[PDB]
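**Student:** This is the structure I want to talk about, given as structure tokens.
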Amino acid sequence: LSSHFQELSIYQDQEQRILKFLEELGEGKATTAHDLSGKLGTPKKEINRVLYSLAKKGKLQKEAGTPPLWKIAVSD
């Protein structure tokens with residue numbers, strides 16, 4: 001029950017896992033959350049959660065499609 005209030009930073013560790021990977025990919029060939037769980041290992045349910053947290057942060061760049069791909073948002 002204590003791990004519940006200790007959340008917040010809990011997904012931050014997950015964000016780094018996806019963020020670092022999205023950075024190793026390269027602005028162009030975005031990866032889909034399905035691939036995120038593979039390149040890293042985290043289950044899609046955790047990938048989408050973190051993927052949205054990044055997209056909502058202003059650092060990720062989702063690509064419309066099916067499934068949609070995710071790539072670091074080059075904000076020069």
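In the structure tokens, each chain is lettered A, B, ... as it comes, each chain's residues begin at 1, and ligands are numbered from 1 in order of appearance.
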Please return as JSON, numbers by chain: the residues of chain A that backbone DSSP assigns to alpha helix (DSSP H).
**Tutor:** {"A": [2, 3, 4, 5, 9, 10, 11, 12, 13, 14, 15, 16, 17, 18, 19, 20, 21, 22, 23, 24, 25, 33, 34, 35, 36, 37, 38, 39, 40, 44, 45, 46, 47, 48, 49, 50, 51, 52, 53, 54, 55, 56, 57]}
**Student:** From the list A:1, A:40, A:54, A:30, which residue is nearest residue 71 in chain A when using only C-alpha atoms?
**Tutor:**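 Among the listed residues, the smallest separation from residue 71 in chain A belongs to A:30.
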**Student:** Select, from A:35, A:18, A:28, A:64, the residue with the minimum atom-to-atom distance to residue 51 in chain A, counting only C-alpha atoms.
**Tutor:**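 Checking each of A:35, A:18, A:28, A:64 against residue 51 in chain A, counting only C-alpha atoms, the winner is A:18.
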**Student:** Can you work out the spacing between CA of residue 33 in chain A and CA of residue 52 in chain A in Å, to one decimal?
**Tutor:**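 If I compute the distance from CA of residue 33 in chain A to CA of residue 52 in chain A, I get 10.0 Å.
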**Student:** Using only C-alpha atoms, which of the listed residues (A:11, A:34, A:63, A:73) sits closest to residue 50 in chain A?
**Tutor:** A:11
